[PDB]
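Sequence lines, in order, name chains A and A'. A prime marks a further copy of an entry chain.
Under the deposited numbering, the first sequence has 57 at position 57, and the numbering climbs by one with no breaks.
Under the deposited numbering, the second sequence has 10 at position 10, and the numbering climbs by one with no breaks.
Even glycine gets a Cβ: it sits at the ideal position worked out from N, Cα and C.
Protein chains: 2
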Amino acid sequence: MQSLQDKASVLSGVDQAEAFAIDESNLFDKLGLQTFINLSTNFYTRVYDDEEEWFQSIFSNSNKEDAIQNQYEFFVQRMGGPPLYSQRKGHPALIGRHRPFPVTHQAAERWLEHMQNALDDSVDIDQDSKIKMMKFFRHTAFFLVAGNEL
Amino acid sequence: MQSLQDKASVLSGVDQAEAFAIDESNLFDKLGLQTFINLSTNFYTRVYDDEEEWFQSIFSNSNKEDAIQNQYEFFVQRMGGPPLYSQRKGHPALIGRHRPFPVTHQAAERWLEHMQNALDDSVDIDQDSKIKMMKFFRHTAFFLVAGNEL
Ligand code: HEM
Ligand code: HEM
Ligand code: NA
Ligand code: NA
């Protein structure tokens, strides 16, 4: 309430401080490009095989392989790697770029569920990193929810 | 047209490639924190002394010293320095965070004018950097205009 990052914390239960703990060490240096590519691939397989119509139909106007490229490049860029996303698309502008979608509370949890699963399948992400990443995903999911409202 | 970064290029005359040339070398390493603090201070002095009512009244609900802190921290973060902005506020989410303001074509040029002046007064920014920075400011100003429309 009264500030996007505040709504995100209240809704998500993740403190903004926690959310950006990713910035304390270079995760990309820890995990490498391939971890991120596999992660987003896994994630989007699940999304595009999601049987939950309402979710899934959210992604109908996008290409699976494009969305994968969009996502891992943002993650690579944002977690210590080279700025691949900006090189190609400019500012992440997450709220702006999610404007066309119905980013609801329920949708945030669905998104986060597929991601939790994709993170679990990941063979190359250590616990500490998994926690930091989920804290970041979860805070920002609800940051998007807050943005979808205002 | 059809894509935020495309509108920005068409309106602004700055190719998105040009806009993100800042990512080729560490500008923060070149210029240091103080350059950025002085730059934003200069800039916001001008903004808050702007006699153009319509512009200036855009910034009425903000504190001069807060806006300065917001801006130089984003620039520091985005041009090679430590992620000060995110540490404090989370995602830059530029379109989202400019939603409350009337970000018009005319406003973009005004903003860019004060910035051009502030860049000129800067004693520690070399030509090459000035060009890269203005390309980045100008592209992103119109990216914000595009965002203000859609
Ligand atoms: C709240 C639940 C969310 C929903 C329903 C959602 C939905 C979508 C959809 C439909 C797209 C377009 C796919 C594409 O063509 O690239 C997209 C793009 C994207 N999403 Fe999400 N998203 C959510 C949360 C998140 C979160 C938590 C992150 C980051 C941690 C994120 C980052 C992105 C990025 C980087 C893109 C690509 C932007 C672009 O290049 O256009 N999203 N999202
Ligand atoms: C298009 C012309 C623009 C107008 C009229 C405009 C207006 C504003 C206003 C009124 C604020 C709130 C001040 C504050 O309290 O921090 C603001 C914040 C900000 N603007 Fe702009 N702006 C423009 C373009 C830009 C450009 C080109 C950039 C980056 C290159 C930028 C980056 C920011 C940032 C980082 C903030 C602080 C966000 C926050 O923490 O809430 N703006 N802008
Ligand atoms: Na942004
Ligand atoms: Na953003």
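- Contact annotation, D29/A with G80/A: C-beta distance approximately 6 angstroms; criterion of less than 8 angstroms satisfied.
- Counting only residues of its own chain and dropping the five nearest sequence neighbours on each side, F143/A has a CB closer than 7 angstroms to the CB of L4, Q5, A8.
- Its chain contains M79, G80, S129, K132, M133 as the residues whose beta carbon lies nearer than 8 angstroms to that of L27/A, once the 5 sequence neighbours on both sides are disregarded; these appear in chain order.
- A direct Cα-Cα distance of roughly 29 angstroms separates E53/A' from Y85/A'.
- With 16 or more neighbouring CB atoms inside 10 Å of its own CB, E73/A falls in the buried class.
- Apart from sequence neighbours up to five positions away, the residues of its chain that approach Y48/A with a beta-carbon distance below 8 angstroms are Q56, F59, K64, ordered along the chain.
- In chain order, the residues positioned with their C-beta nearer than 6 angstroms to some heavy atom of ligand 3 are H91/A, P92/A, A93/A, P92/A', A93/A', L94/A'.
- Contact between the stretch 12-21 of chain A and the stretch 87-97 of chain A' is present, with at least three C-beta pairs closer than 8 angstroms.
- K135/A' is the residue among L119/A', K135/A', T45/A', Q106/A' whose C-alpha sits nearest the C-alpha of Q16/A'.
- In the three-state reduction of the DSSP assignment, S3/A' falls in the coil class, being assigned neither a helical nor a strand state.
- For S129/A, the enclosing alpha helix (DSSP H) covers residues 127-149.
- Closest in C-alpha terms to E24/A', from the list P82/A, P92/A, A107/A, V10/A, comes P82/A.
- At least one beta carbon of chain A' lies nearer than 8 angstroms to the beta carbon of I95/A.
- In the structure shown, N42/A' falls within a helical segment according to DSSP collapsed to helix, strand and coil.
- Distances from the CA of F137/A to each of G147/A, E149/A, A108/A, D121/A were compared; the closest alpha carbon is that of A108/A.
- Under a 10 Å Cβ-count criterion, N61/A is classified as exposed, with fewer than 16 other Cβ atoms of the shown protein chains found around its own Cβ.
- For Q56/A, the secondary structure class from DSSP, reduced to helix, strand or coil, is coil.
- The alpha helix (DSSP H) runs of length 4 or more contained entirely in the stretch 88-115 of chain A' are, from start to end of the chain, 94-98.
- One thing to note: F43/A' has its Cβ within 8 angstroms of the Cβ of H114/A'.
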